[PDB]
Amino acid sequence: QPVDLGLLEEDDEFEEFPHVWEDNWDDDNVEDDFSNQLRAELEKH
Amino acid sequence: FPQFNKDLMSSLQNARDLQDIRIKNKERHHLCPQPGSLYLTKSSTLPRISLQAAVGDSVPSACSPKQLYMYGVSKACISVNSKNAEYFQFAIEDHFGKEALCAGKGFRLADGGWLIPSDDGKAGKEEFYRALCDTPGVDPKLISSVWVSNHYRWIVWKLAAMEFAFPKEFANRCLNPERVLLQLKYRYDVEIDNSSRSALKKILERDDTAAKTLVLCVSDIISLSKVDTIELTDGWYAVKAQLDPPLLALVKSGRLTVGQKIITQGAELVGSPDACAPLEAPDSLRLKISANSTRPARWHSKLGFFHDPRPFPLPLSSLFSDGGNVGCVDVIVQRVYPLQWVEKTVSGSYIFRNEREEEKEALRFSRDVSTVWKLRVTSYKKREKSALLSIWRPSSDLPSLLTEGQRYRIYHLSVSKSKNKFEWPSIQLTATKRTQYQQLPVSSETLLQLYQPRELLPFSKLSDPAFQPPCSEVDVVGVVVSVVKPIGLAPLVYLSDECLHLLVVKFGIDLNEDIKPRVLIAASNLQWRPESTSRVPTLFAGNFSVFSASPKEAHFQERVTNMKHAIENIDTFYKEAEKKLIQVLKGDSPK
């Protein structure tokens, strides 16, 4: 089975009305959930 | 698409105006609403699937030059930045195959709209637009061309990424007409018939100009005045943010690239109020972002408003000099300094006095002055940059609260200043109107890892290399042996301990009157700098420093007395023997 693109919670399905921050900005680490970023990728071809 | 210079060029042109009538006809009745194929599945129960889950842990990884064929990724989608997406143009040929493709008829895509190719076999905004009007349940009268233009902009851009970013998960199942139309109606179901509103919508629309904690993305680096600001889109509409120097610099540096997501508690709608609508937004309008309230989000996360408006506590070490003000620090109060009554001069500037300097100049005296209770604090994390929070006009119920050795989480404690003189790691928190204090427990060791209580400086220390006092400051008690007030500046007050071990104090403030010789002085908050080697170490009297002939403090008296003693049993030849010493303690003459 493939990703039911219908029941997939999209990056844009906003919520009308309702570690999660990342220390220093001048950070130049090298990994995880802040690393790349779908969309930013595309831009940097 | 066929090259029938005619016919195919007509078959269409006919199917169109034939349609133009359909849309036109709608304009004759009250179209009852009719939700799309998406707003109905997502609106149903059915276990949904996070973007993250779908992908299954992995993160946005580029195509692979080649291998993109291994999954098949339109070299065409692979060709769309966040600024051309408004165009793109599907190649109906690439998506339908000769048959019906050849017939002007067109294509009836998801929901029922008719996507009718352009003379030259294309599909775009004004093209998908008409196709949404040709859709059931939609009321052409409710959506501008601009509207679908924009909403068309992001939908491709998103799908574009998704296939390019996770070439395996969404390989070649996202970008195409069936979706851009299956979804264009969604946004319509969402926004028009159900009224749900994007964040920047309620925001810009002033129906919730809250402008609190948003998760926006960068859609373009505005080039105007060589790098103006940037465009921030929340998936539904975009805005140019007003940036601060710490941030902007990041754009330049290539720190903040396009497509990246930001989290931001700051949020300010600078420029124009009145209350508009996302598309008809006044050019004279920016969405202020502040580098100390903002940070990069998880690739997935989700655009728009976040959950809690409770400021995220970020390390105090960071924060920019001129980086906008902070909303939350999880500090651990180092020291607490003497309340000051700063009277605001007339020609400008101010004057700082003490609980006592006031009384004097309080009778010696329309006034105009504000108390200032400063205190040195450091982040509960690690390193520790020991900042100097400045609470102004402090509330009486405050002193009994904020207390050295204790862990507190201060809010909106910002303005963040200082930078002059030397170096640069000189931030400067300042309590603000909305600022608040929240006390939090500390693990014995962790505190004993950042907090070193207020001891009493034993002079013999000022001479040991390894000596490094907490917050380069110290409290003392000693016998004044001579006060020098050279003309110009730099008064001096040499002290001494029972052992006739000397030390010196250069004053920045004014000589506290009762400070003449023979006076056992008790000092608090003396600024310490490395003094070994020094025939007689120097301590500097700051503005925080204090001098009392008879300290109210307990342990001080405990000492001022305890010493006033051991000295007596030597007074039979002290203050003299003492002077005799410092006398030559200014020797090493040439010859």
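So the values come out like this:
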{"item": "Strands (runs of 3 or more DSSP E) wholly inside the range B:311-409 that include at least 3 residues being surrounded by 20 or more Cβ atoms within 10 Å (Cβ to Cβ)", "result": "B:369-377, B:387-392"}
{"item": "Residue check for B:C77: surrounded by 17 or more Cβ atoms within 10 Å (Cβ to Cβ), under 33 Å from the mean Cα position of the chain (by Cα) and within 12 Å of chain A (Cβ to nearest Cβ)", "result": "no"}
{"item": "Index of the failed condition, B:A103 passing every other in (1) within 30 Å of B:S219 (Cα to Cα); (2) touching a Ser or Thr at 6+ places or on another chain (Cβ under 8 Å)", "result": "(1)"}
{"item": "In the range B:536-558, residue nearest to B:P465 (Cα to Cα) [restricted to those that are touching a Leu at 6+ places or on another chain (Cβ under 6 Å) and either part of a loop (DSSP other than H, G, I, E, B) or of a type in the set (D, E, K, R) (or both)]", "result": "B:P537"}
{"item": "Yes/no for B:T538 being β-branched (V, I, T) and loosely packed, with under 15 Cβ neighbours inside 10 Å", "result": "no"}
{"item": "Within the range A:33-45, tally of residues that are within 7 Å of chain B (Cβ to nearest Cβ) and either touching a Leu at 6+ places or on another chain (Cβ under 6 Å) or assigned to a loop (DSSP other than H, G, I, E, B) (or both)", "result": "6"}
{"item": "Inter-residue pairs, beta-carbon under 6 Å, first under 19 Å from B:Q34 (Cβ atoms) and in the range B:101-130, second crowded, with 22+ Cβ neighbours inside 10 Å and of a type in the set (D, E, K, R), 6+ apart", "result": "B:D111/B:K185; B:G113/B:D134; B:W114/B:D134"}
{"item": "Condition met for B:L159 (in contact with a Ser or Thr (Cβ under 9 Å, 6 or more places away or on another chain) and within 11 Å of chain A (Cβ to nearest Cβ))", "result": "no"}
{"item": "Residues of the range B:459-491 classified as within 24 Å of B:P517 (Cα to Cα) and in a helix (DSSP H, G or I), total", "result": "5"}
{"item": "Residues that are within 13 Å of chain A (Cβ to nearest Cβ), over 14 Å from A:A40 (Cα atoms) and crowded, with 23+ Cβ neighbours inside 10 Å, drawn from the range B:136-155", "result": "B:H151, B:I155"}
{"item": "Among (1) more than 14 Å from chain A (Cβ to nearest Cβ); (2) over 30 Å from B:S58 (Cα atoms); (3) out of contact with any strand residue (DSSP E or B) (no Cβ under 7 Å at 6 or more places or on another chain) - the single one B:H95 does not satisfy", "result": "(2)"}
{"item": "Residues that are in a loop (DSSP other than H, G, I, E, B) and under 27 Å from B:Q34 (Cβ atoms), drawn from the range B:78-100", "result": "B:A100"}
{"item": "Any chance A:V30 is of a type in the set (V, I, T) and more than 7 Å from chain B (Cβ to nearest Cβ)", "result": "yes"}
{"item": "Complete set of residues in the range B:197-212 that are among the hydroxyl-bearing types (S, T, Y) and more than 10 Å from chain A (Cβ to nearest Cβ)", "result": "B:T209"}
{"item": "Every residue from the range B:32-66 that is under 20 Å from B:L109 (Cα atoms) and either away from every other protein chain (no Cβ under 14 Å) or assigned to a helix (DSSP H, G or I) (or both)", "result": "B:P33, B:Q34"}
{"item": "Condition check for B:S11: more than 10 Å from every other protein chain (Cβ to nearest Cβ), over 30 Å from A:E16 (Cα atoms), surrounded by 12 or more Cβ atoms within 10 Å (Cβ to Cβ) and hydroxyl-bearing (S, T, Y)", "result": "yes"}
{"item": "Qualifying residue in the range B:107-122 (condition: surrounded by fewer than 16 Cβ atoms within 10 Å (Cβ to Cβ), at positive phi and of a type in the set (D, E))", "result": "no"}
{"item": "Per-region count, the range B:286-321, residues of a type in the set (A, V, I, L, M) and either facing chain A (nearest Cβ under 8 Å) or closer than 21 Å to B:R153 by Cβ (or both)", "result": "5"}
{"item": "Residue within the range B:464-477 that is farther than 30 Å from B:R383 by Cα and out of contact with any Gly (no Cβ under 8 Å at 6 or more places or on another chain) present", "result": "yes"}
{"item": "Verdict on B:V156 being under 30 Å from B:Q3 (Cα atoms), among the aliphatic types (A, V, I, L, M) and in a helix (DSSP H, G or I)", "result": "yes"}
{"item": "Strands (runs of 3 or more DSSP E) wholly inside the range B:214-285 containing at least 3 residues that are more than 25 Å from B:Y152 (Cα to Cα) and more than 10 Å from chain A (Cβ to nearest Cβ)", "result": "B:268-270"}
{"item": "Checking A:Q1 against (1) more than 7 Å from chain B (Cβ to nearest Cβ); (2) within 30 Å of B:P245 (Cβ to Cβ), the condition it does not meet", "result": "(2)"}
{"item": "Boolean, B:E498 is outside any strand (DSSP E or B), charged (D, E, K, R) and buried (at least 18 other Cβ atoms within 10 Å of the Cβ)", "result": "yes"}
{"item": "Qualifying residue in the range B:8-26 (condition: over 34 Å from the mean Cα position of the chain (by Cα), under 23 Å from B:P177 (Cβ atoms) and assigned to a loop (DSSP other than H, G, I, E, B))", "result": "no"}
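Table: residues versus (1) farther than 30 Å from B:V239 by Cα; (2) aliphatic (A, V, I, L, M).
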residue	(1), (2)
B:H300	no, no
B:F305	no, no
B:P309	no, no
B:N325	no, no
B:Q334	yes, no
B:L339	yes, yes
B:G348	yes, no
B:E361	yes, no
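For neighbour counting, all protein chains shown are included, and Cβ atoms are generated from backbone atoms with ideal geometry for every residue, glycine included. Bear in mind that the values in this text are calculations on the coordinates, not laboratory data.
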